């Protein structure tokens, strides 16, 4: 299906009372006119409709769109990206199982793996974002391989097909976090991944307000994630926030295109600047990763990082505090132009003392280039 059909019409043929904006079904429950119908609702896995820890008319419309965008059979919205990640992981794991996890996965994904390994008999091997290392860490007990591409902070790309070929051969399940690219620029289901997750907090909502996660994949997986993890743990998204996602989704293609255009300008400037050591933005044609990246992605988002020429946390501090346009904050995926130096985090690797992450928003990239330029001028050569 076309992106535009998905964003602007799919699922919207028949709306209650012929409203054109889908109504917000901010209800816990739904009444029944008959006992028989109520009994069906309380026996079947997914009756439409019975209860908010369950399907919701507003939320389902958005889920239907998101699934179609990821070319998955089904999707579910949940309260956060971490709900999507943690529930997906729980679905695929039991006592005695092993997981291979890329060691540049989002920090809280790794924290969750560590939490399960401390509390239960789950073994985790952390490996670099390198398909060969990933397949080398597979054991006879491996049930899950957890991917992210591009990775967190360092924006490294993995050869996904190489991993999923091996996984598929061995009946090992794969989960990928595709938040960085959005569905506009990468569709990992088509690269053979079983389940795709997003922090919809970032690009899918796009406005730095809603917190939400998406789990997408095949009917069998998603039916079981729904009736087991979702119903038992209950990370329900507010239908008001689902409606806000729908609203945000309308501009997703326009926004992603803008971020890509802007990120090319900013990454080009950073790559050529004498005070920047290196730039991590895999969809710039001059990137060392471009050939692999562009084999898997149709564009890149606004998120990138780069390294200063220093190992001094103090020089990094000088730099970031000198920025007048980029704002110091976490999160990303909106109009906001954001900066975070990795050295701010307690668990920052020593190697990444010099690593700065920026998010390029929806405005005039020359303003961002000038901000970076003036700040770079203020640190010593």
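Residue numbers count along the first chain shown, from 1.
Asker: If you average the CA temperature factors as listed in the entry, which stretch comes out higher, 239-247 or 154-162?
Answerer: On average, C-alpha B-factors are higher across 154-162.
Asker: Higher mean Cα B-factor in the deposited model: 119-127 or 194-202?
Answerer: Per the deposited B-factors, the answer is 119-127.
Asker: From 234, 208, 217, 285, pick the one with the largest CA B-factor in the entry?
Answerer: In the PDB entry, the greatest C-alpha B-factor among 234, 208, 217, 285 is found at 285.
Asker: Quick one: which of 57, 349, 333, 341 has the biggest Cα B-factor according to the entry?
Answerer: The C-alpha B-factor peaks, among 57, 349, 333, 341, at 349.
Asker: Is the Cα B-factor recorded for residue 320 in the lowest, middle or highest third of its chain?
Answerer: Residue 320: CA B-factor falls in the highest third of its chain.
Asker: Report the third (lowest, middle or highest) to which the CA temperature factor of residue 180 belongs, ranking only the modelled residues of the same chain.
Answerer: Lowest third - that is where residue 180 ends up once the chain's C-alpha B-factors are sorted.
Asker: In terms of the chain's CA B-factor thirds, is residue 278 lowest, middle or highest?
Answerer: Highest third - that is where residue 278 ends up once the chain's C-alpha B-factors are sorted.
Asker: How does residue 104 rank on Cα B-factor within its chain, lowest, middle or highest third?
Answerer: Residue 104: CA B-factor falls in the middle third of its chain.
Asker: For residue 96, does the deposited CA B-factor place it in the lowest, middle or highest third of the chain?
Answerer: Highest third, going by the recorded CA B-factors of the chain.
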